[PDB]
Every structure is written in C-alpha cells, then in structure tokens.
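Novice: File entry16.txt follows (compact mmCIF, N, CA, C and O atoms; unseen atoms left out):
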# COMPACT_ATOMS: atom_id res chain seq x y z
N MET A 1 75.44 126.25 96.63
CA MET A 1 76.01 125.10 97.35
C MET A 1 76.86 124.36 96.33
O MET A 1 76.43 124.22 95.19
N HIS A 2 78.11 124.04 96.72
CA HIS A 2 78.97 123.39 95.74
C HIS A 2 78.61 121.91 95.64
O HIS A 2 78.17 121.42 94.59
N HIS A 3 78.51 121.19 96.73
CA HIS A 3 78.08 119.80 96.78
C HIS A 3 76.56 119.80 96.66
O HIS A 3 75.78 120.22 97.52
N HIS A 4 76.07 119.25 95.56
CA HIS A 4 74.68 119.20 95.16
C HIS A 4 74.46 118.08 94.14
O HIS A 4 75.24 117.90 93.19
N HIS A 5 73.35 117.36 94.22
CA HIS A 5 72.88 116.46 93.19
C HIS A 5 72.01 117.08 92.12
O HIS A 5 70.79 117.18 92.21
N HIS A 6 72.74 117.37 91.03
CA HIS A 6 72.24 118.01 89.83
C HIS A 6 71.56 116.98 88.94
O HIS A 6 70.59 117.25 88.22
N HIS A 7 72.06 115.75 88.87
CA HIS A 7 71.65 114.78 87.87
C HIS A 7 71.71 113.36 88.39
O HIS A 7 72.32 113.09 89.42
N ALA A 8 71.15 112.39 87.66
CA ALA A 8 71.06 111.00 87.98
C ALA A 8 72.22 110.11 87.53
O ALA A 8 72.07 108.95 87.18
N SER A 9 73.42 110.69 87.47
CA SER A 9 74.69 110.00 87.27
C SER A 9 75.81 110.59 88.12
O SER A 9 75.64 111.71 88.62
N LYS A 10 76.91 109.87 88.38
CA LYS A 10 77.91 110.31 89.32
C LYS A 10 79.33 109.94 88.88
O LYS A 10 79.41 108.76 88.59
N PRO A 11 80.35 110.82 88.91
CA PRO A 11 81.68 110.34 88.57
C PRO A 11 82.19 109.46 89.70
O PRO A 11 81.61 109.48 90.78
N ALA A 12 83.28 108.72 89.53
CA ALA A 12 83.79 107.81 90.57
C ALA A 12 84.97 108.37 91.35
O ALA A 12 85.83 108.95 90.67
N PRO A 13 85.11 108.31 92.67
CA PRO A 13 86.27 108.37 93.52
C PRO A 13 87.35 107.37 93.15
O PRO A 13 87.04 106.29 92.63
N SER A 14 88.62 107.74 93.40
CA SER A 14 89.79 107.05 92.87
C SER A 14 90.87 107.13 93.93
O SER A 14 90.90 107.99 94.80
N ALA A 15 91.79 106.20 93.68
CA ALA A 15 92.90 105.85 94.56
C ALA A 15 93.92 106.96 94.75
O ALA A 15 94.32 107.23 95.87
N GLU A 16 94.38 107.69 93.71
CA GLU A 16 95.15 108.90 93.72
C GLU A 16 94.40 110.07 94.33
O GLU A 16 94.98 111.15 94.54
N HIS A 17 93.07 109.98 94.38
CA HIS A 17 92.06 111.00 94.59
C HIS A 17 91.11 110.83 95.77
O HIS A 17 90.20 111.60 96.06
N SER A 18 91.52 109.95 96.68
CA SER A 18 90.89 109.91 97.98
C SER A 18 91.91 109.62 99.07
O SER A 18 92.79 108.76 98.96
N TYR A 19 91.77 110.41 100.14
CA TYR A 19 92.71 110.59 101.23
C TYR A 19 91.90 111.03 102.45
O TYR A 19 90.76 111.42 102.28
N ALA A 20 92.36 110.62 103.64
CA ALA A 20 91.66 110.80 104.90
C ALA A 20 92.45 111.25 106.11
O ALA A 20 93.66 111.02 106.18
N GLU A 21 91.83 111.97 107.04
CA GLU A 21 92.53 112.71 108.07
C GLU A 21 91.81 113.05 109.37
O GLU A 21 90.59 113.13 109.34
N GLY A 22 92.50 113.07 110.51
CA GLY A 22 92.04 113.47 111.83
C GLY A 22 92.34 112.50 112.96
O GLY A 22 92.99 111.48 112.76
N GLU A 23 91.73 112.79 114.11
CA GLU A 23 91.99 112.16 115.38
C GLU A 23 91.76 110.66 115.29
O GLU A 23 92.51 109.91 115.91
N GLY A 24 90.77 110.11 114.59
CA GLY A 24 90.46 108.71 114.42
C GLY A 24 91.50 107.94 113.61
O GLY A 24 91.39 106.73 113.52
N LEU A 25 92.57 108.54 113.08
CA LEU A 25 93.72 107.94 112.46
C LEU A 25 94.95 108.38 113.27
O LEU A 25 96.04 108.10 112.77
N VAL A 26 94.82 108.80 114.52
CA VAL A 26 95.90 108.97 115.48
C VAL A 26 95.68 108.18 116.77
O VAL A 26 96.67 107.65 117.26
N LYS A 27 94.54 108.26 117.46
CA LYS A 27 94.31 107.80 118.81
C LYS A 27 92.84 107.51 119.03
O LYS A 27 91.99 108.35 118.73
N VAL A 28 92.47 106.41 119.68
CA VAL A 28 91.12 105.91 119.79
C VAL A 28 90.93 105.27 121.15
O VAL A 28 91.87 104.58 121.54
N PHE A 29 89.79 105.43 121.82
CA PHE A 29 89.51 105.02 123.19
C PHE A 29 88.18 104.36 123.53
O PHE A 29 87.43 103.98 122.64
N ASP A 30 87.77 104.11 124.78
CA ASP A 30 86.73 103.20 125.20
C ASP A 30 85.42 103.96 125.34
O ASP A 30 84.44 103.68 124.66
N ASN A 31 85.48 104.99 126.20
CA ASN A 31 84.47 106.00 126.43
C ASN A 31 84.60 107.35 125.72
O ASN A 31 83.75 108.22 125.87
N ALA A 32 85.69 107.53 124.96
CA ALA A 32 85.76 108.53 123.93
C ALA A 32 85.89 107.87 122.56
O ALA A 32 86.97 107.69 122.01
N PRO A 33 84.77 107.55 121.89
CA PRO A 33 84.75 107.40 120.45
C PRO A 33 85.49 108.45 119.64
O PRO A 33 85.34 109.63 119.95
N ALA A 34 86.26 108.01 118.64
CA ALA A 34 87.15 108.80 117.80
C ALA A 34 86.64 108.98 116.38
O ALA A 34 85.92 108.16 115.83
N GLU A 35 87.03 110.06 115.69
CA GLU A 35 86.55 110.53 114.42
C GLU A 35 87.67 111.00 113.51
O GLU A 35 88.67 111.50 114.01
N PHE A 36 87.54 110.85 112.19
CA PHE A 36 88.30 111.44 111.09
C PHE A 36 87.52 111.52 109.80
O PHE A 36 86.42 110.97 109.71
N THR A 37 88.11 112.14 108.77
CA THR A 37 87.44 112.59 107.56
C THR A 37 87.97 112.06 106.23
O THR A 37 89.17 112.17 106.00
N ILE A 38 87.07 111.48 105.43
CA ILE A 38 87.44 111.20 104.06
C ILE A 38 87.40 112.39 103.11
O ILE A 38 86.31 112.94 103.05
N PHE A 39 88.46 112.78 102.39
CA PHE A 39 88.59 113.84 101.44
C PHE A 39 88.79 113.40 100.00
O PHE A 39 89.84 113.01 99.50
N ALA A 40 87.66 113.27 99.29
CA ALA A 40 87.42 112.63 98.02
C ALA A 40 87.40 113.59 96.83
O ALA A 40 86.75 114.65 96.82
N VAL A 41 88.04 113.09 95.77
CA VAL A 41 88.04 113.65 94.43
C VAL A 41 87.74 112.52 93.45
O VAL A 41 88.24 111.40 93.59
N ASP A 42 86.87 112.73 92.46
CA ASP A 42 86.75 111.82 91.35
C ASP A 42 87.98 111.63 90.47
O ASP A 42 88.51 110.54 90.26
N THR A 43 88.37 112.74 89.88
CA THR A 43 89.58 113.04 89.16
C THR A 43 89.77 114.55 89.01
O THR A 43 90.94 114.89 88.86
N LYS A 44 88.70 115.34 89.01
CA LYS A 44 88.74 116.72 88.54
C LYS A 44 89.39 117.69 89.50
O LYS A 44 89.15 118.89 89.51
N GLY A 45 90.18 117.17 90.46
CA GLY A 45 90.94 117.90 91.45
C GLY A 45 90.17 118.74 92.47
O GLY A 45 90.49 118.68 93.65
N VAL A 46 89.18 119.56 92.10
CA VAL A 46 88.17 120.02 93.02
C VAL A 46 87.49 118.87 93.76
O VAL A 46 87.16 117.91 93.07
N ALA A 47 87.20 119.04 95.06
CA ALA A 47 86.30 118.18 95.79
C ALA A 47 85.14 117.57 95.03
O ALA A 47 84.46 118.17 94.20
N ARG A 48 84.68 116.41 95.50
CA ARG A 48 83.49 115.76 94.96
C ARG A 48 82.24 116.61 95.08
O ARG A 48 82.07 117.26 96.10
N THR A 49 81.48 116.82 93.99
CA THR A 49 80.39 117.76 93.83
C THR A 49 79.04 117.17 94.23
O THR A 49 78.01 117.83 94.13
N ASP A 50 78.89 115.93 94.70
CA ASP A 50 77.68 115.30 95.18
C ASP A 50 77.95 114.05 95.99
O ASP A 50 79.07 113.54 95.83
N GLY A 51 77.03 113.63 96.86
CA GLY A 51 77.31 112.81 98.04
C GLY A 51 76.97 111.37 97.73
O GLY A 51 76.63 110.99 96.61
N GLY A 52 77.07 110.57 98.78
CA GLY A 52 76.65 109.18 98.88
C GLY A 52 77.39 108.24 97.95
O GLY A 52 76.81 107.33 97.36
N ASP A 53 78.67 108.48 97.63
CA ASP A 53 79.53 107.42 97.11
C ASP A 53 79.60 106.35 98.18
O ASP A 53 79.66 106.64 99.38
N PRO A 54 79.69 105.06 97.88
CA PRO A 54 79.96 103.99 98.85
C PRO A 54 81.41 103.74 99.16
O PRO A 54 82.30 103.75 98.30
N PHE A 55 81.71 103.57 100.45
CA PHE A 55 83.01 103.45 101.09
C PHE A 55 83.03 102.32 102.11
O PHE A 55 81.97 101.81 102.47
N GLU A 56 84.18 101.84 102.57
CA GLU A 56 84.40 101.00 103.72
C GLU A 56 85.71 101.28 104.44
O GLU A 56 86.72 101.55 103.79
N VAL A 57 85.71 101.23 105.77
CA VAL A 57 86.76 101.57 106.71
C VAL A 57 86.86 100.38 107.65
O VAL A 57 86.24 100.34 108.71
N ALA A 58 87.19 99.25 107.02
CA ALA A 58 87.26 97.97 107.68
C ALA A 58 88.58 97.72 108.40
O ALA A 58 89.63 98.08 107.86
N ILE A 59 88.60 97.27 109.65
CA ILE A 59 89.73 97.43 110.53
C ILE A 59 89.92 96.14 111.31
O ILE A 59 89.01 95.38 111.64
N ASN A 60 91.16 95.75 111.63
CA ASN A 60 91.41 94.69 112.59
C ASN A 60 92.09 95.29 113.81
O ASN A 60 93.09 95.98 113.70
N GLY A 61 91.59 95.01 115.02
CA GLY A 61 92.31 95.08 116.28
C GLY A 61 92.95 93.76 116.70
O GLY A 61 92.94 92.80 115.94
N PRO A 62 93.51 93.63 117.90
CA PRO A 62 94.16 92.40 118.34
C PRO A 62 93.19 91.23 118.45
O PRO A 62 92.13 91.39 119.05
N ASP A 63 93.54 90.15 117.75
CA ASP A 63 92.75 88.95 117.68
C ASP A 63 91.34 89.24 117.20
O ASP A 63 91.21 89.54 116.01
N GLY A 64 90.29 89.07 117.99
CA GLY A 64 88.91 88.95 117.55
C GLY A 64 88.27 90.28 117.20
O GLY A 64 87.09 90.44 116.86
N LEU A 65 89.01 91.39 117.26
CA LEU A 65 88.42 92.70 117.10
C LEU A 65 88.36 93.20 115.67
O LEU A 65 89.07 94.03 115.13
N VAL A 66 87.42 92.52 115.01
CA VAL A 66 87.14 92.81 113.61
C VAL A 66 86.08 93.91 113.57
O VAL A 66 84.98 93.71 114.05
N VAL A 67 86.43 95.12 113.10
CA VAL A 67 85.57 96.27 113.25
C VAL A 67 85.37 96.92 111.88
O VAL A 67 86.30 96.90 111.08
N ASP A 68 84.25 97.59 111.62
CA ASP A 68 84.24 98.64 110.63
C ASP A 68 83.79 99.96 111.24
O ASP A 68 82.92 100.10 112.11
N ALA A 69 84.50 100.99 110.79
CA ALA A 69 84.31 102.37 111.18
C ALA A 69 83.23 102.95 110.26
O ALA A 69 83.29 102.96 109.04
N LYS A 70 82.19 103.51 110.87
CA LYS A 70 80.94 103.90 110.24
C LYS A 70 81.07 105.25 109.54
O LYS A 70 81.59 106.18 110.17
N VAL A 71 80.57 105.31 108.31
CA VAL A 71 80.79 106.41 107.40
C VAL A 71 79.49 107.18 107.31
O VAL A 71 78.36 106.69 107.22
N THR A 72 79.69 108.51 107.29
CA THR A 72 78.58 109.41 107.06
C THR A 72 79.06 110.61 106.25
O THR A 72 80.14 111.14 106.49
N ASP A 73 78.35 110.87 105.14
CA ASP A 73 78.58 111.98 104.25
C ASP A 73 78.36 113.33 104.94
O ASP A 73 77.31 113.54 105.55
N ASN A 74 79.31 114.26 104.84
CA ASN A 74 79.17 115.61 105.34
C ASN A 74 78.44 116.58 104.44
O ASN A 74 78.16 117.68 104.91
N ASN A 75 78.18 116.23 103.18
CA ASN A 75 77.63 117.07 102.13
C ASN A 75 78.48 118.25 101.71
O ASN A 75 78.05 119.41 101.73
N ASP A 76 79.76 117.96 101.45
CA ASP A 76 80.73 118.94 100.98
C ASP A 76 81.95 118.43 100.24
O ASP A 76 82.88 119.11 99.79
N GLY A 77 81.94 117.13 99.93
CA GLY A 77 82.98 116.38 99.26
C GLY A 77 83.86 115.71 100.31
O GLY A 77 84.91 115.20 99.92
N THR A 78 83.37 115.61 101.55
CA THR A 78 84.04 114.88 102.63
C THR A 78 83.06 114.03 103.43
O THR A 78 81.85 114.22 103.29
N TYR A 79 83.61 113.13 104.24
CA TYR A 79 82.86 112.15 104.96
C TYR A 79 83.41 112.06 106.38
O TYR A 79 84.61 111.78 106.50
N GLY A 80 82.58 112.30 107.39
CA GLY A 80 82.92 111.90 108.76
C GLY A 80 82.75 110.42 109.02
O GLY A 80 81.83 109.74 108.57
N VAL A 81 83.76 109.82 109.66
CA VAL A 81 83.85 108.48 110.20
C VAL A 81 84.02 108.45 111.72
O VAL A 81 84.70 109.32 112.25
N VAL A 82 83.44 107.43 112.33
CA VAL A 82 83.58 107.19 113.76
C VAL A 82 83.88 105.73 114.10
O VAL A 82 83.40 104.84 113.40
N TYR A 83 84.74 105.55 115.10
CA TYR A 83 84.96 104.25 115.72
C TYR A 83 85.64 104.37 117.08
O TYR A 83 86.04 105.48 117.39
N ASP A 84 85.67 103.28 117.87
CA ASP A 84 86.01 103.26 119.29
C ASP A 84 86.76 101.97 119.60
O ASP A 84 86.65 101.02 118.83
N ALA A 85 87.59 101.97 120.65
CA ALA A 85 88.60 100.99 120.99
C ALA A 85 88.46 100.40 122.38
O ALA A 85 88.41 101.15 123.35
N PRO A 86 88.25 99.10 122.60
CA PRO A 86 88.03 98.55 123.92
C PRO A 86 89.31 98.55 124.75
O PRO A 86 89.25 98.29 125.94
N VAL A 87 90.49 98.74 124.16
CA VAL A 87 91.74 98.07 124.43
C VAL A 87 92.96 98.99 124.45
O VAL A 87 93.23 99.73 123.52
N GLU A 88 93.84 98.89 125.45
CA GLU A 88 95.24 99.11 125.16
C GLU A 88 95.81 98.25 124.04
O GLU A 88 95.77 97.02 124.07
N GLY A 89 96.20 98.76 122.87
CA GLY A 89 96.62 97.96 121.74
C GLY A 89 96.76 98.73 120.43
O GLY A 89 96.81 99.96 120.47
N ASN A 90 96.47 98.16 119.26
CA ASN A 90 96.61 98.73 117.93
C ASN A 90 95.55 98.31 116.93
O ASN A 90 95.23 97.13 116.94
N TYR A 91 94.99 99.26 116.19
CA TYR A 91 94.04 99.04 115.10
C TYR A 91 94.87 99.21 113.84
O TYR A 91 95.81 100.00 113.81
N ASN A 92 94.42 98.43 112.85
CA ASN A 92 94.92 98.24 111.51
C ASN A 92 93.86 98.47 110.45
O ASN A 92 92.87 97.76 110.27
N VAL A 93 93.98 99.61 109.77
CA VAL A 93 92.89 100.25 109.06
C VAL A 93 93.18 100.16 107.56
O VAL A 93 94.22 100.58 107.08
N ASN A 94 92.13 99.72 106.86
CA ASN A 94 91.97 99.60 105.43
C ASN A 94 90.71 100.31 104.99
O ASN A 94 89.60 99.85 105.27
N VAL A 95 90.88 101.31 104.09
CA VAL A 95 89.77 101.95 103.43
C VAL A 95 89.50 101.47 102.01
O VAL A 95 90.44 101.14 101.28
N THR A 96 88.28 101.44 101.48
CA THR A 96 87.92 100.97 100.16
C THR A 96 86.70 101.67 99.58
O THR A 96 85.88 102.19 100.34
N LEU A 97 86.69 101.80 98.26
CA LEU A 97 85.93 102.74 97.46
C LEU A 97 85.17 102.01 96.36
O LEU A 97 85.77 101.30 95.57
N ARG A 98 83.85 101.93 96.58
CA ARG A 98 82.93 100.99 95.96
C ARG A 98 83.50 99.59 96.14
O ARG A 98 83.50 98.78 95.21
N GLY A 99 83.98 99.30 97.36
CA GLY A 99 84.59 98.01 97.58
C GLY A 99 85.79 97.61 96.73
O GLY A 99 85.88 96.45 96.34
N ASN A 100 86.52 98.62 96.26
CA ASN A 100 87.76 98.48 95.52
C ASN A 100 88.85 99.23 96.24
O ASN A 100 88.59 100.24 96.89
N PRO A 101 90.08 98.69 96.24
CA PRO A 101 91.14 99.17 97.09
C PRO A 101 91.79 100.38 96.41
O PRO A 101 91.53 100.80 95.28
N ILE A 102 92.73 100.97 97.15
CA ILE A 102 93.36 102.26 96.94
C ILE A 102 94.78 102.24 97.47
O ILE A 102 95.26 101.16 97.79
N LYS A 103 95.47 103.39 97.42
CA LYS A 103 96.86 103.53 97.82
C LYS A 103 97.04 103.68 99.32
O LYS A 103 96.12 104.00 100.08
N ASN A 104 98.29 103.46 99.74
CA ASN A 104 98.70 103.81 101.09
C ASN A 104 97.94 103.16 102.24
O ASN A 104 97.45 103.92 103.06
N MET A 105 97.80 101.83 102.34
CA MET A 105 96.85 101.09 103.15
C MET A 105 97.37 99.68 103.20
O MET A 105 97.76 99.14 102.17
N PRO A 106 97.14 98.99 104.33
CA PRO A 106 96.56 99.40 105.59
C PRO A 106 97.52 100.33 106.32
O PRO A 106 98.73 100.34 106.12
N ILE A 107 97.00 101.02 107.33
CA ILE A 107 97.73 101.88 108.24
C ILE A 107 97.32 101.50 109.66
O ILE A 107 96.45 100.65 109.84
N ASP A 108 98.00 102.11 110.64
CA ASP A 108 97.98 101.76 112.05
C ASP A 108 97.62 102.86 113.04
O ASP A 108 98.09 103.99 112.90
N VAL A 109 96.82 102.54 114.06
CA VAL A 109 96.33 103.51 115.02
C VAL A 109 96.14 102.97 116.42
O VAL A 109 95.62 101.89 116.67
N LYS A 110 96.79 103.67 117.34
CA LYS A 110 96.94 103.35 118.75
C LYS A 110 95.57 103.43 119.41
O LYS A 110 94.92 104.46 119.27
N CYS A 111 95.22 102.36 120.14
CA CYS A 111 93.99 102.20 120.88
C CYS A 111 94.42 102.31 122.34
O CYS A 111 95.47 101.85 122.76
N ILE A 112 93.63 102.94 123.21
CA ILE A 112 93.85 103.00 124.64
C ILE A 112 92.54 102.97 125.42
O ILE A 112 91.54 103.55 125.01
N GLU A 113 92.37 102.34 126.59
CA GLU A 113 91.11 101.89 127.13
C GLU A 113 90.50 102.94 128.06
O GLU A 113 90.17 102.65 129.20
N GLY A 114 90.37 104.17 127.55
CA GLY A 114 89.89 105.37 128.22
C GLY A 114 88.38 105.50 128.25
Could you show the structure in this file as structure tokens?
Specialist:
Amino acid sequence: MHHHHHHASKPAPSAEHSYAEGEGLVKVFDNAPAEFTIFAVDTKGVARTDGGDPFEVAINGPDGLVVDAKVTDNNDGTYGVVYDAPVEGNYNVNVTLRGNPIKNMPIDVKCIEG
C-alpha cells in the first residue's frame, strides 16, 4: 500500500502542491449533494504517503449561506469532499491547509435548486 502510516511524524502539504477536482467544483444542487477531490503533495511530487492532514473548504453562497464542505481522506494521497446547494445562485470556494492559504482561490461554482 503506498499511502500508509509508517511513523509518528508527517511532511506538510503546500500551496504549489495541493490542487482539487471534480463535479463539486462545477455544479451543485438541493437533492443531489455534490463531490470533488483534493490531490495533495508535500513537496516530493509523488502523492502524499499518509493520511489525515487537516484541511478546510470554507465557502460563501448568496448572503447568509456560509458553508463548509466536509472533508474525508480517501487513503491514497487524495480526499473526497461533499457539499450541497439550496439555491439557484453561486458558491465561492476557498480551500486551506492546516488553516493556511494557498494559490488560485477563491473560485466559483454554480448552484441550482435540484
């Protein structure tokens, strides 16, 4: 298994070295919850070799719709995220890594009340 906890220390994810992808960064709905994936590297260019780094996918919708998209480790150097949209409108997404910011953010994603 490539992703494994060998030892009691961990390298850190980085701004050049974490990037995310899928349906939950294109289109999101009411009764269809949406999903996408965090693709993390510390620095060593190969995927992250062990899990449970801390992340945040904190998002604003129109006015009062302050949301965070829930993160779960896949155990392979990636993370599934999920979130859902009450509204015809737009979500505004910011990701963060041990509560420290990164490149290419915030970004935007169409919400529809399906």
Novice: Run DSSP on the backbone and tell me which residues of chain A come out as strand (DSSP E); list them as a VMD selection string.
Specialist: chain A and resid 18 to 21 27 to 28 34 to 40 55 to 60 66 to 68 70 to 73 78 to 83 89 to 97 107 to 111
Novice: Pick from A:17, A:44, A:3, A:27: nearest to residue 76 of chain A, with only C-alpha atoms counted?
Specialist: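 Checking each of A:17, A:44, A:3, A:27 against residue 76 of chain A, counting only C-alpha atoms, the winner is A:3.
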Novice: Please measure the separation of atom CA of residue 6 of chain A and atom CA of residue 70 of chain A, giving the value in Å to one decimal.
Specialist: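 It comes out at 26.3 Å.
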Novice: Check the smallest atom-to-atom distance from each of A:15, A:57, A:112, A:38 to residue 73 of chain A using only N, CA, C and O atoms, then report the winner.
Specialist: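 Between A:15, A:57, A:112, A:38, the residue approaching residue 73 of chain A most closely is A:38.
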Novice: Between atom N of residue 93 of chain A and atom N of residue 109 of chain A, what distance in Å does the model show, to one decimal?
Specialist: 5.9 Å
Novice: Pick out the residues sitting within 7 Å of residue 94 of chain A, and hand them over as number ranges by chain; count only N, CA, C and O atoms, and ignore anything fewer than 6 positions along from it in its own chain.
Specialist: A: 56-60, 105-107
Novice: Looking at A:22, A:33, A:61, A:45, which one is nearest to residue 91 of chain A, with distances taken over all atoms listed in the file?
Specialist: A:61
Novice: Determine, counting all atoms listed in the file, which protein, DNA and RNA residues have an atom within 8 Å of an atom of residue 52 of chain A; residues of the same chain fewer than 2 positions away are not included. Present the result as an MDAnalysis selection string.
Specialist: chainID A and resid 50 54:55 72:75 78
Novice: In Å, how far is it from atom N of residue 24 of chain A to atom O of residue 43 of chain A?
Specialist: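 Spanning atom N of residue 24 of chain A to atom O of residue 43 of chain A is a straight-line distance of 26.2 Å.
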Novice: Give the answer as one residue: which of A:65, A:79, A:86, A:11 has the shortest atom-to-atom distance to residue 37 of chain A, using all atoms listed in the file?
Specialist: A:79
Novice: What lies within 7 Å of residue 49 of chain A using only C-alpha atoms, ignoring chain neighbours under 3 positions off, as a compact mmCIF listing (two decimals) with N, CA, C and O atoms, in the coordinates of the input?
Specialist:
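Printed below is out_2.txt as written:
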# COMPACT_ATOMS: atom_id res chain seq x y z
N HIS A 2 78.11 124.04 96.72
CA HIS A 2 78.97 123.39 95.74
C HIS A 2 78.61 121.91 95.64
O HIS A 2 78.17 121.42 94.59
N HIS A 3 78.51 121.19 96.73
CA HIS A 3 78.08 119.80 96.78
C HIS A 3 76.56 119.80 96.66
O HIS A 3 75.78 120.22 97.52
N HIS A 4 76.07 119.25 95.56
CA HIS A 4 74.68 119.20 95.16
C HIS A 4 74.46 118.08 94.14
O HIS A 4 75.24 117.90 93.19
N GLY A 77 81.94 117.13 99.93
CA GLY A 77 82.98 116.38 99.26
C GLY A 77 83.86 115.71 100.31
O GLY A 77 84.91 115.20 99.92
